[PDB]
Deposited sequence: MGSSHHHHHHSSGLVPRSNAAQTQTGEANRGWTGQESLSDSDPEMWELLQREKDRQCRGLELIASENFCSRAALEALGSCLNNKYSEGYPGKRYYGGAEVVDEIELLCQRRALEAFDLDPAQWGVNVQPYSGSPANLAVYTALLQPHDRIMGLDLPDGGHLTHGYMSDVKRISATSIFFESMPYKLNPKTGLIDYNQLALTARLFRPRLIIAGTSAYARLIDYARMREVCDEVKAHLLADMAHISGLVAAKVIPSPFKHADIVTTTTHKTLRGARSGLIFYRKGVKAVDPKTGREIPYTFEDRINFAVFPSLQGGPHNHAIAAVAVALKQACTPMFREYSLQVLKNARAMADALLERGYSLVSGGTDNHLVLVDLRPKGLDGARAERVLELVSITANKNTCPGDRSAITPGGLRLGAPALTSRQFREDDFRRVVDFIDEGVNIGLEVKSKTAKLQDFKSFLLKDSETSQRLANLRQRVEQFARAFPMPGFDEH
């Protein structure tokens, strides 16, 4: 035994699963707005010897020795991160050690806030993420709501865009220490200048979690939150199309004074201390390297053309079913995802997702503003995944037809069934649907296989 044996020779039971997952990725259509297909150059670094190196600390200030090479890789990842988002290395710094998106936000809270300090984020059913501070009415769900006190800001159930009105008044009542301007299911843009002026009034930190729109900000397509926020966290996958990791961007340098006083930003040393030694242990240098590869790809003109494509098909998604029997919350989209309101078409979110999944269309249910209730009303459909397969507008309008067909299968089964347990049932029971779904899935798998796919060929 040497450890250099191939995976296909040593673990065939596993190797069959990697290929089965790779096949299904190429089999169907990925419409989850948070998913994407990583490049072979990044995964080549992800599965490298950099997994073997323990490099606790930071470049130049390690605790072990022998970090000569990983120090240059971390510094290059930092330079490529500041370059990808057009940041002066004197006005901004970046921490590339967060294991994923969730640890990145928890590190920002630990660095700048005390336990049980106040936090305001967009609620989870209103398009927010768990790590933005989510409690139900029974249990504290996210750990961000256990170690800190979180009050959600909602948004106008008629506008579809976040209620910067109600956020302003309640920020003066709740008196938060930090407000998160980030979204997980929101098809429009964020007024970060509005978010900064409410934060400056109640004196709260404005943290931007551009996790979903990271690649779009990098390609300078949509307005960048770095002009208004002081701290920016993000995912390294999603639109950035990299390995699973996180990044914490923080403002650095002099912020502002009598006739003689320099008043510097204090984010850097606190943020870096929260990541290590407070929260995380040994960095995942293989992930940091894979992120640096994906960040370099984000500085290229290819990535701007890819980013400019995720919107035009997001609009093509919005136009294709607005010109069908569907309405969209907020009234379309200005980013990468569409929030199709299946309520005015007599459908629910849990209904369509199970149907679309069985025909190899991966989606997820979303709670639209006028949804009520487990059976939400709306679906979450994204662009960046198929756009990385060289999908164009005509290709996305055809998927909408594949979706519309799947919806009208569910809408036909729903009127022939009752509850959700009977609906998700009859999707696999009724023989009239047992091969109507198979006939569809057949047409859907052949349409999807013909497109290219980033990464390795067989895994």
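Undergrad: Which residue ranges of the deposited sequence are not present in the modelled coordinates?
TA: Going by the record, the segments left unmodelled (no C-alpha atoms) fall at 1-31, 288-289, 407.
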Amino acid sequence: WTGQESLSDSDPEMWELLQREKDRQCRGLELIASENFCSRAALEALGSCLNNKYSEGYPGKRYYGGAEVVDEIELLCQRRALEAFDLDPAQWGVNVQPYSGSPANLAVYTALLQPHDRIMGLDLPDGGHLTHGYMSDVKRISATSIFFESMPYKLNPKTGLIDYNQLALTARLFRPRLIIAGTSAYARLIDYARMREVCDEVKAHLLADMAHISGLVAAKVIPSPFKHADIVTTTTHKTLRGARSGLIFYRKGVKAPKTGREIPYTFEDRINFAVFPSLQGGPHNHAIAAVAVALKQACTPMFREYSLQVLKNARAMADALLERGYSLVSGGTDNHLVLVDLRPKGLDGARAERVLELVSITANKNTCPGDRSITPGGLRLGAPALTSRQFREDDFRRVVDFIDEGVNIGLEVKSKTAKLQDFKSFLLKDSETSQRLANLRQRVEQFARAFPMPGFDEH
From here on, numbers count along this sequence of modelled residues.
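Superpose the two forms; the largest set of C-alphas matching within 1.5 Å is the rigid core.
Undergrad: Rigid core superposed, root mean square over structures and residues, which stretch has C-alphas farther from this form in 6 other deposited structures of this protein, 29-37 or 412-420?
TA: With the rigid core fitted, 412-420 is the stretch that strays more in 6 other deposited structures of this protein.
Undergrad: What stretch shows more C-alpha movement in 6 other deposited structures of this protein relative to this form, 389-397 or 429-437, after the core is superposed?
TA: Farther from the shown form on average in 6 other deposited structures of this protein: 429-437.
Undergrad: Looking at the other compared entries that model both neighbours, is residue 248 missing coordinates in at least a third of them?
TA: Across the compared entries, residue 248 is modelled every time.
Undergrad: Thinking of the other compared PDB entries, is residue 201 one of those residues unmodelled in at least a third of them?
TA: Residue 201: modelled in every other compared entry.
Undergrad: Should the higher mean CA B-factor in the entry be assigned to 289-297 or to 178-186?
TA: Looking at the recorded C-alpha B-factors, 178-186 comes out higher on average.
Undergrad: State which stretch shows the higher mean Cα B factor in the entry: 38-46 or 405-413.
TA: Per the PDB entry, the higher value belongs to 405-413.
Undergrad: Just to confirm, going by the entry's C-alpha B-factors, which of 384, 346, 115, 101 comes out highest?
TA: It is 346.
Undergrad: Between 120, 96, 87, 328, where does the Cα B-factor run highest in the record?
TA: Highest CA B-factor of the listed options: 328.
Undergrad: Ranking the modelled residues of this chain by C-alpha B-factor as given in the entry, is residue 422 in the lowest, middle or highest third?
TA: Top third by C-alpha B-factor.
Undergrad: Report the third (lowest, middle or highest) to which the CA temperature factor of residue 72 belongs, ranking only the modelled residues of the same chain.
TA: For residue 72, whose C-alpha B-factor we compare with every modelled residue in the chain, the answer is the lowest third.
Undergrad: What third of its chain, lowest, middle or highest, does the C-alpha temperature factor of residue 391 fall into?
TA: According to the entry, residue 391 has a C-alpha B-factor in the chain's middle third.
Undergrad: Among the modelled residues of its chain, does the C-alpha B-factor of residue 368 lie in the lowest, middle or highest third?
TA: Ranked within chain, residue 368 CA B lands in the highest tercile.
Undergrad: Where does residue 224 sit by CA temperature factor within its chain: lowest, middle or highest third?
TA: Middle third of the chain for residue 224's C-alpha B-factor.
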